[PDB]
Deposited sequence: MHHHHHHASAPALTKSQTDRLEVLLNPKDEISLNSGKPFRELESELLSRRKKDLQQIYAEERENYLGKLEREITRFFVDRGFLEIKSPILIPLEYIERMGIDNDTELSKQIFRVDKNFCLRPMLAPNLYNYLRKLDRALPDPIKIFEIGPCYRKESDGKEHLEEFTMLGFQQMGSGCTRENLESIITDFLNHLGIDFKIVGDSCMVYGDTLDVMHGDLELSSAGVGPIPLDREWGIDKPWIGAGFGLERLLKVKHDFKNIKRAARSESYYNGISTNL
């Protein structure tokens, strides 16, 4: 019989597509030698044929999608003024207030894209025609309890349209086309709405105006949504734990690097 520790080790080495039964009575040392061999070949094939990282590749695919549909690609600071958090209505009452990674006296690691997108919408509205369509992909940081669905360092897609066409129907049509294009199953439940894969939250979307808009100098209708890229990789690759999709030293494209 295998120990819990030995099975822990075997499951790090196991890929969702693997047809191997741990429970069959073969010895740990041999099961481990089989899986070690498969995982080295998986890396060898990636290195020989494609060489692209899942997270980077997904970011590039999402980028082409939104560029093609008319959204301006934004890259804004990751390290943001701590006052952007209070101005988002997060002031020691919300769960998120205690999730902030603080950096100096006045800065933090952004936990969300909304502040920077707000600022870009206000600024670009003096220069661009209606409607204004922007999106950003990049790192976000939140302290979390260990979870199968949570990382402290993750990657968020955020997009926002401001002006005409900001209806809930249009927002659902963007979400629907976007996830059908990546091959990710979902249902939309709900102005605020959530995009869910079973009990896993893929995204939270919203329809404005809302009263928070005036703190940021926004007085137009808008629609938007945020998606976590690692949750999407988790679903499309059927990973059991989101840390196989994360920026990490322990996993490459969901294959363990401790061989």
Next item on the list: Can you give me the gaps, meaning deposited-sequence stretches with no C-alpha coordinates, in sequence order?
Entry: 1-11, 202-208
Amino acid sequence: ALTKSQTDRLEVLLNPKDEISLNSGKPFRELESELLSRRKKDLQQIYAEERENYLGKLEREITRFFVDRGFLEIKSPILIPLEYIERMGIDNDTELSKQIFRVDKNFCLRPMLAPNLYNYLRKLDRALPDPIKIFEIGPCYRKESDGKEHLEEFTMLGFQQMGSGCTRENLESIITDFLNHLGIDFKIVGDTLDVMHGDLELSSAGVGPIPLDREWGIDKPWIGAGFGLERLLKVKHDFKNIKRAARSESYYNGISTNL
From here on, numbers count along this sequence of modelled residues.
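In this text, rigid core is short for the largest set of C-alphas that superpose within 1.5 Å between two forms.
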Checklist line | Stretch farther from the shown model on average in 5 other deposited structures of this protein, with CA RMS computed after core superposition (90-98, 135-143) | finding: 90-98
Note to self: If you average the CA temperature factors as listed in the entry, which stretch comes out higher, 24-32 or 222-230?
What the structure shows: 24-32
Notebook entry, point to check: With respect to the recorded C-alpha B factors, which stretch has the higher mean value, 141-149 or 158-166?
Noted result: 141-149
Next item on the list: Return the residue from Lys240, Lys236, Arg9, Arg247 that has the highest Cα B-factor in the entry.
Entry: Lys240
Margin query: Out of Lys187, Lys75, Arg110, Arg126, whose C-alpha atom has the biggest B factor in the entry?
Written below: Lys187
Next item on the list: Can you work out whether the C-alpha temperature factor of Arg38 puts it in the lowest, middle or highest third of the chain?
Entry: highest
Margin query: Please say which third, lowest, middle or highest, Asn253 falls into when its CA temperature factor is compared across its chain.
Written below: lowest
Notebook entry, point to check: By the record's CA B-factor, is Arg214 among the lowest, middle or highest third of residues in the chain?
Noted result: highest
Notebook entry, point to check: What third of its chain, lowest, middle or highest, does the C-alpha temperature factor of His197 fall into?
Noted result: highest
Margin query: Please say which third, lowest, middle or highest, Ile90 falls into when its CA temperature factor is compared across its chain.
Written below: highest
